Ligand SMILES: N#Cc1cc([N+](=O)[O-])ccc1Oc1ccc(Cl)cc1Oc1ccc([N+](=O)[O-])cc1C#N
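In the block that follows, a single chain appears as structure tokens, in the form solved without the named molecule.
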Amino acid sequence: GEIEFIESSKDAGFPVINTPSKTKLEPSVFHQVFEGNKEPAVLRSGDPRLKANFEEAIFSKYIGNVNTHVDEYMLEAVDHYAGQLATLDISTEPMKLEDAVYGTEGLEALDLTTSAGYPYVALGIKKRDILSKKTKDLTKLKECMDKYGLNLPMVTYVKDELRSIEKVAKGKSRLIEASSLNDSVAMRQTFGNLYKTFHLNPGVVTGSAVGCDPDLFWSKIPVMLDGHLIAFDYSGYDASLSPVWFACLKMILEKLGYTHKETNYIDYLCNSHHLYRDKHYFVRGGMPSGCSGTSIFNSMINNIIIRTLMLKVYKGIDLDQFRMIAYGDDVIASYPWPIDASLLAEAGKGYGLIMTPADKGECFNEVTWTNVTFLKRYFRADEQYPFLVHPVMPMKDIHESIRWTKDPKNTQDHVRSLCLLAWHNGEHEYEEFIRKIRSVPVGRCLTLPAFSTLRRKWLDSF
């Protein structure tokens, strides 16, 4: 992706979008009990911790585009993956508006908590002013969609989250693009049944883990992934995507039965218009992280990409023996023979993708079931039930998270969520985690699950 044009919003008649510039994150009561290094992301230019130009840093992810046709490798990649998805009988019929807004099996109700985007954010109109869970009212929504239409600008927010010392200093804060409520709803109508099928079928047929429950899904992954593991990281995957990868996505959508008209919304993602505070800008390429379907579309594109690179370097490859599971940029994969990921990475660079060794580190290559991570979690077979696999979030990350809060009123839910991740690290680690929590008075006011209870419920869930 490439920023093609940027100017002051007022020149085009856009008001300044007044997005948050002060973090909602504050030290929790556990801040001194546990060790950690992470701090809130930089949200504004004048932040004293900056050791770089903020506005330059946050847009530096847009590294450019490679301008190419959809080549022979891409075409075969699309064919192969399309053949997998054909198995699922995805419906290209529009999802009914009520289902697409207020919830159905495989597609949770539209989040009423997030930004309603443009122009609502300039009018002080929130999602809850238009929508109502209790009523399932579609009347105001239909009015709004008729009044303002589709293809509205996206509103760029800086993500308010914890970041490493390095990412704070370098000003490498992440951005979220909020699609207008109008476009979110329209895309959910158009692609909702596809969203639904993906959510209901995480695994190696969709090549997707979006919507998965790691407590359950992790025992299935080594069964699905037969051979030598392949994993690598991307640097700035979303923003690196060139228009050619969106063309591939449109081709795969058409093979599923979507019409040229229905795939027009992919152009909205690819060639996008954004508002950031007092500026507005156009991007050619780049997945706008935050719009409807961007996790699923990022995953589908990743399925095309990896196959393309394999076909290009290993002309003798048998993709029918290749398996992969993506969650956006994150990938875990296998092939029955060793594959040199460093070769794939160089082929990736030719397509404007920046691929690096798995989980930082120096080489590409020797990934094992012991060191592989996916969705930030390691894989550890249960010692007693060896066919069941623990997702293991590092205690370091759990410690980082408990030291901060966006609202102390949520302490019970926050700490409980962390317990559900922590116990997979083993009984001794859990017991210590609970002891430290309880060394603060608040900690003794919380309902914390016992290890044996967590383990029992987990075992029973299968």
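In case it trips you up, residue 1 is the first one in the sequence shown, and so on.
Judged by mean Cα B factor in the deposited record, 110-118 ranks above the other of 110-118 and 212-220. Of the two segments examined, 310-318 and 362-370, it is 362-370 that shows the higher average Cα temperature factor in the deposited entry. The PDB entry assigns its highest CA temperature factor, among 165, 332, 375, 181, to 165. Highest C-alpha temperature factor among 201, 240, 298, 87, as the PDB entry reports it: 87.
Placement of the Cα temperature factor of residue 20 within the chain: highest third of the modelled residues, per the deposited record. Ranked by Cα temperature factor within the chain, residue 70 sits in the highest third according to the deposited record. Ranked within its chain, residue 402 lands in the lowest third, by CA B factor from the PDB record. In the deposited entry, the Cα temperature factor of residue 263 places it in the highest third of its chain's modelled residues.
Ranked by Cα temperature factor within the chain, residue 303 sits in the lowest third according to the deposited record.
Keep in mind the form deposited with the named molecule bound is missing from the figure; the text below concerns it.
Transferring the named molecule from its position in the deposited complex by superimposing the C-alphas around the site leaves no ligand atom within 2.4 angstroms of any backbone or C-beta atom here, which marks the site as open. From the list 388-396, 335-343, 105-113, 130-138, the contact stretch for the named molecule in the deposited complex under a 4.5 Å heavy atom rule is 105-113. In the deposited complex, none of the heavy atoms of residue 172 sits within 4.5 Å of a heavy atom of the named molecule. By the criterion of a heavy atom within 4.5 Å, residue 210 is counted among the residues contacting the named molecule in the deposited complex. The named molecule in the deposited complex is approached by residue 184, whose closest heavy atom lies within 4.5 angstroms of it. Contact between residue 194 and the named molecule in the deposited complex is not found at the 4.5 Å heavy atom cutoff. When the named molecule is considered in the deposited complex, only one residue from 244, 358, 291, 85 comes within 4.5 Å through any heavy atom, namely 291.
For the candidate set 296, 204, 74, 229, a heavy atom within 4.5 Å of the named molecule in the deposited complex is found for exactly one residue, namely 296.
Contact annotation for the candidate site: 188, 199 and 327 all lie close to the named molecule in the deposited complex (heavy atom within 4.5 Å). Although the named molecule is not shown here, in the deposited complex the stretch 45-63 places no heavy atom of any residue within 4.5 Å of it.
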